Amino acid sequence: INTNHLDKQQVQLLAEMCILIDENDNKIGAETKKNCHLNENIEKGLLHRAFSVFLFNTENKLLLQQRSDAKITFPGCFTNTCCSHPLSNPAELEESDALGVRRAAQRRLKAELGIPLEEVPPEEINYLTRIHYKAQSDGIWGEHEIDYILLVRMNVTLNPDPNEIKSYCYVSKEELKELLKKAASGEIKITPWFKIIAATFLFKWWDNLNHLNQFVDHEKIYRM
């Protein structure tokens, strides 16, 4: 179907090749971003690899973004720092130490937020665990991913792309709770994966930013 009612820069990105995985995060093929995000294809079992970054500054504030109205899935939605997909190329397919996803994150942090690659090298990105989830944006578009959860603690310089991001802000624990109450009462919108992680893992990790190890689980894929 017909992507003419949609933003041109976003549409171009639909040609990007994502990693098709089985339910255990083993690579099984490669498919365009567009096909990976059609509900019709997700209903046929299509599942791709993804990542979510949560970036805290040195005041321990979480950087949140609001997705531009240009985004094809979940526009206008408040969400964690940066999400995307590792590309089906040899740089980002690399599975040794989840290096391919961490490289993908660094790349998207630069593309979405204008964060210089040097400010967040792949070593500064802490891969915690993975979550499997399925969620619809509308009738046509949706998500089905095993999402790599990445944490960064870094003071960064921002110049975000207005095509990707409507607004952004750093929040304290209490300010996010306040924001999550506005979401629950329909005053703003949040993405389904951010709701999932906020309800389940986020505040536990947040309380323990110095000791993130007890949370590192590279074996278990959490099913939400």
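In this text, residue numbers run from 1 along the sequence as written.
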Per the entry, higher mean C-alpha B factor between 180-188 and 26-34
180-188
Mean CA B-factor: is it higher for 211-219 or for 16-24?
211-219
Among the choices 146, 111, 149, 154, identify the one whose CA B-factor in the record is greatest.
154
Please place residue 142 in the lowest, middle or highest third of its chain by C-alpha B factor as given in the entry.
lowest
When the modelled residues of the chain are sorted by Cα temperature factor, does residue 96 land in the lowest, middle or highest third?
highest
If you rank every modelled residue in this chain by C-alpha B factor, which third holds residue 66: lowest, middle or highest?
lowest
Looking at the temperature factor on the CA atom of residue 57, which third of the chain's modelled residues does it land in?
middle
Which third of the chain does residue 47 land in by C-alpha B-factor: lowest, middle or highest?
lowest
